[PDB]
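Coming up is one lone chain in C-alpha cells, specifically the form deposited in one PDB entry.
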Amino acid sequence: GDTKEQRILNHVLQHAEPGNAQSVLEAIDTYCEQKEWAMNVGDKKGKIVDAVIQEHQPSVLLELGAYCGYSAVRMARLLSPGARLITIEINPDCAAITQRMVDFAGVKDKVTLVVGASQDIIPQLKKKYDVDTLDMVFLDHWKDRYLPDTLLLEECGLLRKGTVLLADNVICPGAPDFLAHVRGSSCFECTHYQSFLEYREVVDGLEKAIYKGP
C-alpha cells in the first residue's frame, strides 16, 4: 500500500466480489469519494459513458489513458462476446494495476492493455493489432493530447463515418482547443453532456463527436 493506486487496488481485493465488475466499480467509487480522491471517470459521468455505449454498440473500442482500470472495467461489462477494448497507458506502474483490476473483475478476455504513449501506439494499430477502423474512442489522458491524437487517428485512417469520439473533462480541467476544433469542423457532429467532476460538485462535462468523413 505505498501509493494511492496500490491502496485503491488493495481496497478492491479486500471488499469486492471476485469476477463481479459492478462490485469492483462500487468499491473504487466508495473508497475514492470518501477516503482518497482519484481521477477515475466515476459513477455519475460513468452513467453517461454507459448510455453512449448502449446506443452505439461498438465492437472495436479504443481507450486513451487507463490509470487503475476503472473505465476499462466499466465499458467492458457492457460489450458483447467477441468485442475488443484496446487500452493504452504510458505509466508502467499504472499499467500493472490496470491488468490486476481487469483480471479480478472477470473482463480480461475483452481487454488488450498496451504499455506506451498514445502517439507511438496509434500508428501501429492496423499492422500490429489488426484494427481496420474504430467504432468508438474514449479520450481521457493528458488534455494537451486530445487534439493532436484526434488528428493522428484521422491521418492514420482509423476513423469511418459514424466513429464515436467521447472526451472526458471538456470543462474541468478543460480541453478548449479540442472542443473548438470538433465543434467548428464540418467533419464532426457534436453533442455536449454537462455533469460534475468525479466525486465532487465542480461543474464538468463530456463531448461526443461523431465523425462524418473527410
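A residue's number is simply how far along the shown sequence it sits, counting from 1. Residues that one form lacks are left out of the comparison. Take the two forms, superpose them, and find the largest set of C-alpha atoms that agree within 1.5 Å; that set is the rigid core.
Take the C-alpha B-factors listed in the entry for 70 to 78 and for 120 to 128, compute each mean, and give the stretch with the larger one.
Going by the record's values, the stretch with the higher mean is 120 to 128.
Looking only at CA atoms, which has the higher mean B factor in the entry: 80 to 88 or 132 to 140?
For C-alpha atoms only, the mean B-factor is higher in 80 to 88.
Of the residues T150, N169, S59, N40, the one carrying the largest Cα B-factor as recorded:
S59 has the highest C-alpha B-factor of those listed.
Based on the entry's values, in what third of the chain does the Cα temperature factor of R200 lie: lowest, middle or highest?
Lowest third - that is where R200 ends up once the chain's C-alpha B-factors are sorted.
Going by the recorded CA B-factors, say which third of the chain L179 sits in, lowest, middle or highest.
Lowest third, going by the recorded CA B-factors of the chain.
Ranking the modelled residues of this chain by C-alpha B-factor as given in the entry, is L64 in the lowest, middle or highest third?
It belongs to the lowest third of the chain when residues are ordered by C-alpha B-factor.
Chain thirds of CA B-factor: placement of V115:
Its C-alpha B-factor, which the entry lists for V115, ranks in the middle third among residues of this chain.
Lowest, middle or highest third: where is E189 by Cα B-factor in its chain?
For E189, whose C-alpha B-factor we compare with every modelled residue in the chain, the answer is the highest third.
Beyond what is shown, the protein has a form deposited in another entry; the following relates to that form.
Just one of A38, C187, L152, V52 has a C-alpha that shifts by 2 Å or more between the shown form and the other one on a rigid core fit; which is it?
Correct option: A38.
Rigid core superposed: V164 CA moves 2 Å or more between the shown form and the other one:
No, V164 moves less than 2 Å.
Core-aligned CA displacement of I28 at least 2 Å between the shown form and the other one
Passes the 2 Å threshold, so yes.
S71 and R200, C-alpha gap in the other entry relative to this structure (3 Å or more):
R200 and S71 sit closer together in the other entry.
Given that the CA-CA distance for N40 and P58 shifts by 3 Å or more in the other entry, does it become closer or farther?
So the answer is farther.
Sticking with residues common to both forms, list the runs of three or more in a row where every CA moves 2 angstroms or more between the shown form and the other one, core superposed.
2 to 44, 199 to 214 are the stretches that shift between the shown form and the other one.
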